[PDB]
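Student: Chains as they are written, first to last, in the numbering used here: chain A, 1 to 238; chain B, 1 to 315; chain C, 1 to 45; chain D, 1 to 41.
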Ligand SMILES: *[C@@H]1O[C@H](CO[C@@H]2O[C@@H](C)[C@@H](O)[C@@H](O)[C@@H]2O)[C@@H](O[C@@H]2O[C@H](CO)[C@@H](O)[C@H](O)[C@H]2NC(C)=O)[C@H](O)[C@H]1NC(C)=O
Ligand SMILES: *[C@@H]1O[C@H](CO)[C@@H](O[C@@H]2O[C@H](CO)[C@@H](O)[C@H](O)[C@H]2NC(C)=O)[C@H](O)[C@H]1NC(C)=O
Ligand SMILES: *[C@@H]1O[C@H](CO)[C@@H](O[C@@H]2O[C@H](CO)[C@@H](O)[C@H](O)[C@H]2NC(C)=O)[C@H](O)[C@H]1NC(C)=O
Ligand SMILES: *[C@@H]1O[C@H](CO)[C@@H](O[C@@H]2O[C@H](CO)[C@@H](O)[C@H](O)[C@H]2NC(C)=O)[C@H](O)[C@H]1NC(C)=O
Ligand SMILES: *[C@@H]1O[C@H](CO)[C@@H](O[C@@H]2O[C@H](CO)[C@@H](O)[C@H](O)[C@H]2NC(C)=O)[C@H](O)[C@H]1NC(C)=O
């Protein structure tokens, strides 16, 4: 909880003071504004006509002569409009791809926990929280990152009684003298028993198998009670 | 990615002609838009390559001894005996995939040279064969490749004891399958046509653009000076304007086609980046995403204007 | 019984078949009980 | 005396994975990392 609180506190600094991100939405706004500005400034061009104002062409020319200049302006402005619309369609397709991706991320990162790697952040996904930005969505991806790694000596299996033992879930490790069974992503040593290991064949096929004893709790309790019963029987006999 | 180009409207349309450029000025900012579009395409190509290949915090290297439980990665590991430290498969791809400047058309070089792409690919491969999926989700934690492959078998629902007892057979099967990858990449045709298609499409587009300069468009000739020294200024205005309109239409067509093709290449580059994140940096449970069969692992290899994923799966 | 779990009786599942699910604990306890009974019988007579 | 300098791109640190023959690195702690992902909609 403390680590998550610290990260969410640092979020407000790693968003607006470090630049980096938040430039995609600003780029979208800038591109749209630039397209509109170029379109509106294309109205001042002449495109070969005497003047860029239709009123000025009409007030100084007879109809038959003004047809040519008005037509030059019409052709130029139609070309500019067509260019604007085509660029807008291409940009709309790009933004639709981005919006489909945002919808997928909301469905899979926020509404559930995602197993897809790097889809919802760098690390193992824990969850995600949405926020709304102008013309966009901002996901805060909470992920779990392994922190302090220690290197142990590992083995693929254990041959205790001539039968190879494989881990049920986790790996065999050794710190130098003793052998434990820990989980994959967090060092939690546990004594290798018959509960967390399964037998598969003898120990003459696996490459790298090591020698260790595997504790059997059932046999331990059975031996204890058998020893007690044998002592009682010996006392009764003599 | 695809070839990043650039055009000079003045050079292309009204090359070294003063009173052709003077009339071109009357068309306004019709040619700042084309310059901005081509700049956007180039920057997007660099972004595509960076997103696909730059997925590694560090540049991982394998240990000098190249024994990984019997799996033989010699054809995909880098070759130090080359100027560009590329793998055998990468060298074959770079040699196989191989195929305007006179008039205003220039070709900009990619930000990441092929050596840097090869280094990135080697980093991803070294991480994925020396640390499994742990190098993509944090710090790189080593694990013997036999144990990592047992992990991956456990991922697809087969108990790890299957791999250990058949480790030699699995290693031989993988070696045989990786040895056939050098022949099946080119002889079978099918794939590898996409990158060559991209290069050929760029060459065709540029050639058509520069060949549009030889069309009259209804003018007396397609040469500015020929119009200049044959007609008086007021009469030559119409012919020069016809040429300007034709060449502007050619340039607009080229830029629009480039924008559409760049959209398609951006979609493909996003897919390739997703495949690198999911198939290479981890193990995928998505069906048919990382090859037919139950996905075990993947290995990237750079190719001219693209990437090649070798998908190892269990059938 | 180690790799199978029990849920209800056999009158609900469609296609449930007959077989003996081996129980290692029961086998070991029965063997020990037989040995103890034989020892007690020998001690008595 | 600040000035504009040109260099060759550095792709990151040069870290060689200590891939041994029977050694594995297990993490012993963790971190809860909250990253950000901005998408035009
Ligand atoms: C791993 O152990 C096996 C088995 O060791 C046997 O059981 C032990 C609990 C202990 O009592 C040992 O003395 C037993 O031998 C080893 O296999 C033995 O190898 C030696 C040397 O070649 C041979 O003389 C014995 O006959 C073998 N015993 C059996 C039961 O096969 C094996 O060598 C050990 N491996 C390693 C790497 O130490
Ligand atoms: C490897 O770990 C084991 C288990 O923690 C260590 O053995 C312990 O040693 C301490 C100190 O003498 C004893 O108090 C414990 O009872 C021991 N535990 C067991 C289960 O025997 C062992 O010392 C460690 N090895 C190294 C090299 O650090
Ligand atoms: C890792 O262990 C394996 C065996 O589990 C080694 O494989 C053989 O090791 C012997 C020496 O013990 C060498 O003479 C052989 O050449 C090795 N086989 C092969 C095919 O090379 C392996 O060498 C060990 N070490 C490393 C660094 O991988
Ligand atoms: C991995 O495969 C490569 C081939 O891709 C093997 O290299 C061959 O080795 C043999 C035996 O020395 C030579 O005759 C060939 O000329 C080599 N081929 C090439 C292309 O160099 C390599 O030996 C394999 N590794 C293992 C461990 O088997
Ligand atoms: C795991 O890492 C956390 C975070 O660094 C460690 O907690 C810190 O411990 C130090 C030393 O006692 C304190 O000064 C910090 O205030 C702690 N941070 C927090 C957020 O509580 C923790 O000790 C580490 N765990 C292990 C087992 O090493």
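A virtual CB, placed ideally from N, CA and C, is assigned to each residue, including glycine.
Residue 211 of chain A: beta carbon under 7 Å from a heavy atom of ligand 1?
Tutor: Counting from one through the first chain, the residue named residue 211 of chain A turns up at place 211. It does: the Cβ of residue 211 of chain A is within 7 Å (strictly closer) of some heavy atom of ligand 1.
Student: Have a look at residue 241 of chain B and residue 233 of chain B and give me their C-alpha separation to the nearest angstrom.
Tutor: The residue you call residue 241 of chain B lines up with position 241 of the second chain. The residue you call residue 233 of chain B lines up with position 233 of the second chain. Taking the straight line from one Cα to the other gives about 12 Å.
Student: List the residues of chain D whose Cβ lies closer than 8 Å to the Cβ of residue 130 of chain A, in chain order.
Tutor: Taking the first chain and counting its residues from 1, one reaches residue 130 of chain A at position 130. Per Cβ cutoff of 8 Å: no residues; residue 130 of chain A is ~10 Å from chain D at best.
Student: Please determine whether the Cβ atom of residue 173 of chain B lies at a distance below 7 Å from any heavy atom of ligand 4.
Tutor: Mapped onto the second chain, residue 173 of chain B falls at position 173. Because no heavy atom of ligand 4 lies under 7 Å away, the Cβ of residue 173 of chain B does not count as near it: no.
Student: At the level of alpha carbons, what is the spacing between residue 118 of chain A and residue 162 of chain B?
Tutor: Along the first chain, read from residue 1 onward, the residue named residue 118 of chain A stands at position 118. Along the second chain, read from residue 1 onward, the residue named residue 162 of chain B stands at position 162. C-alpha separation (whole angstroms): 30 Å.
Student: Would you call residue 57 of chain A buried or exposed, if buried means 16 or more other Cβ atoms sit within 10 Å of its Cβ?
Tutor: As a position in the first chain, residue 57 of chain A is number 57, starting the count at 1. By the neighbour-count rule (16 or more Cβ atoms within 10 Å), residue 57 of chain A is buried.
Student: Nearer than 7 Å: is that true of the beta carbon of residue 177 of chain A relative to any heavy atom of ligand 2?
Tutor: Looking up residue 177 of chain A in the first chain gives position 177. Correct: residue 177 of chain A has its Cβ closer than 7 Å to ligand 2.
Student: Measuring CB to CB, does residue 15 of chain B end up less than 8 Å from residue 138 of chain B?
Tutor: As a working mapping, residue 15 of chain B is identified with position 15 in the second chain. As a working mapping, residue 138 of chain B is identified with position 138 in the second chain. Cβ atoms of residue 15 of chain B and residue 138 of chain B: not closer than 8 Å.
Student: Does the segment 142-158 of chain A come into contact with the segment 18-27 of chain D, if we say contact requires no fewer than three beta-carbon pairs (one atom in each stretch) closer than 8 Å?
Tutor: Judged by Cβ distances under 8 Å, the segment 142-158 of chain A makes contact with the segment 18-27 of chain D, as three or more pairs qualify.
Student: What do you reckon, are the CB atoms on residue 304 of chain B and residue 94 of chain B nearer than 8 Å?
Tutor: Reading the second chain from its first residue, position 304 is the one you call residue 304 of chain B. Reading the second chain from its first residue, position 94 is the one you call residue 94 of chain B. In contact: residue 304 of chain B and residue 94 of chain B (Cβ atoms closer than 8 Å).
Student: Does any CB atom of chain A fall closer than 8 Å to the CB of residue 17 of chain D?
Tutor: Along the fourth chain, one-based indexing puts residue 17 of chain D at 17. Taking Cβ atoms only, chain A never reaches closer than 8 Å to residue 17 of chain D, which makes this a no.
Student: Using the C-alpha atoms, what's the distance from residue 281 of chain B back to residue 239 of chain A?
Tutor: Here chain A has residues from 1 to 238 only, and residue 239 of chain A is not among them.
Student: Quick check on residue 12 of chain B - is its C-beta less than 8 Å from some C-beta in chain D?
Tutor: Sequence index remark: in the second chain, residue 12 of chain B carries index 12 (1-based). With 8 Å as the cut-off, residue 12 of chain B does not count as an interface residue toward chain D.
Student: Show which residues of chain A have a CB atom less than 9 Å away from the CB atom of residue 297 of chain B.
Tutor: Translated into the one-based positions of the second chain, residue 297 of chain B becomes position 297. Chain A residues near residue 297 of chain B: none, gap ~13 Å exceeds 9 Å.
Student: Quick one: residues in its chain with C-beta nearer than 6 Å to the C-beta of residue 72 of chain B, no 5 flanking neighbours on either side, listed in chain order?
Tutor: Counted from its first residue, the second chain places residue 72 of chain B at position 72. Counting only Cβ-Cβ distances below 6 Å, and skipping sequence neighbours, we find 175.
Student: Determine the extent of the beta strand (DSSP E) in which residue 69 of chain A is found, giving its start and end residues.
Tutor: As a position in the first chain, residue 69 of chain A is number 69, starting the count at 1. Residue 69 of chain A -> not in any beta strand (DSSP E); alpha helix (DSSP H) instead, spanning 63-105.
Student: Below 8 Å, how does it come out for the segment 220-238 of chain A and the segment 198-209 of chain B: are there three or more Cβ pairs, yes or no?
Tutor: Touching, no, given that fewer than three Cβ pairs across the two stretches are closer than 8 Å.
Student: For residue 36 of chain D, return the contacting residues in chain A, with the cut-off set at a CB-CB distance below 8 Å.
Tutor: In the fourth chain, residue 36 of chain D corresponds to position 36, counting from 1. Here the neighbours are 11, 14, 15, 21, 138, 139, 140 and 141.
Student: Along the alpha helix (DSSP H) that carries residue 220 of chain A, what are the first and last residues, could you check?
Tutor: For the purposes of this step, residue 220 of chain A is taken as residue 220 along the first chain, with counting starting at 1. Run containing residue 220 of chain A: 217-237, per the alpha helix (DSSP H) assignment.
Student: Please confirm if the segment 209-221 of chain A is in contact with the segment 148-160 of chain B, defined as three or more CB-CB distances below 8 Å between the two stretches.
Tutor: Short answer: they don't touch.
Student: For residue 140 of chain B, decide whether its Cβ has a neighbour in chain D, counting only Cβ atoms nearer than 8 Å.
Tutor: Counting from 1 along the second chain, the entry for residue 140 of chain B is found at position 140. True, the Cβ-Cβ gap to chain D drops below 8 Å.
Student: Can you tell me whether residue 159 of chain A sits near ligand 1, meaning its C-beta is under 7 Å from at least one heavy atom of the ligand?
Tutor: Along the first chain, read from residue 1 onward, the residue named residue 159 of chain A stands at position 159. Answer for residue 159 of chain A: yes, Cβ within range of ligand 1.
Student: Going by beta carbon distance, what residues of the same chain come within less than 7 Å of residue 212 of chain A, once the five residues before and after it are set aside?
Tutor: As a first step, residue 212 of chain A is located in the first chain; it is residue number 212 there, counting from the start. These residues qualify, in order along the chain: 158, 160, 179 and 192.
Student: Tell me the rounded alpha-carbon separation between residue 44 of chain B and residue 93 of chain A.
Tutor: Along the second chain, one-based indexing puts residue 44 of chain B at 44. Along the first chain, one-based indexing puts residue 93 of chain A at 93. Roughly 15 Å between the two C-alpha positions.
Student: Check whether the Cβ of residue 29 of chain D sits closer than 7 Å to any heavy atom of ligand 5, and report yes or no.
Tutor: Sequence index remark: in the fourth chain, residue 29 of chain D carries index 29 (1-based). Yes, ligand 5 has a heavy atom inside 7 Å of this Cβ.
Student: Is residue 179 of chain B a contact residue of ligand 4, with contact defined as CB to any heavy atom under 7 Å?
Tutor: Indexing the second chain from 1 puts residue 179 of chain B at position 179. Yes, Cβ of residue 179 of chain B sits closer than 7 Å to a heavy atom of ligand 4.
Student: Measure from the C-beta of residue 215 of chain A to each C-beta in chain D and report whether the shortest distance is under 8 Å.
Tutor: Position 215 of the first chain, counted from the start, is the residue given in the question as residue 215 of chain A. No, because no Cβ of chain D sits closer than 8 Å to the Cβ of residue 215 of chain A.
Student: Answer with yes or no whether the minimum CB distance from residue 63 of chain A to chain B is below 8 Å.
Tutor: Position 63 of the first chain, counted from the first residue, corresponds to residue 63 of chain A. False, the Cβ-Cβ gap to chain B never drops below 8 Å.
Student: Could you tell me if the beta carbon of residue 316 of chain B falls within a distance shorter than 7 Å of some heavy atom in ligand 4?
Tutor: The structure shown does not extend to residue 316 of chain B, since chain B is modelled only from 1 through 315, so no value can be given for it.
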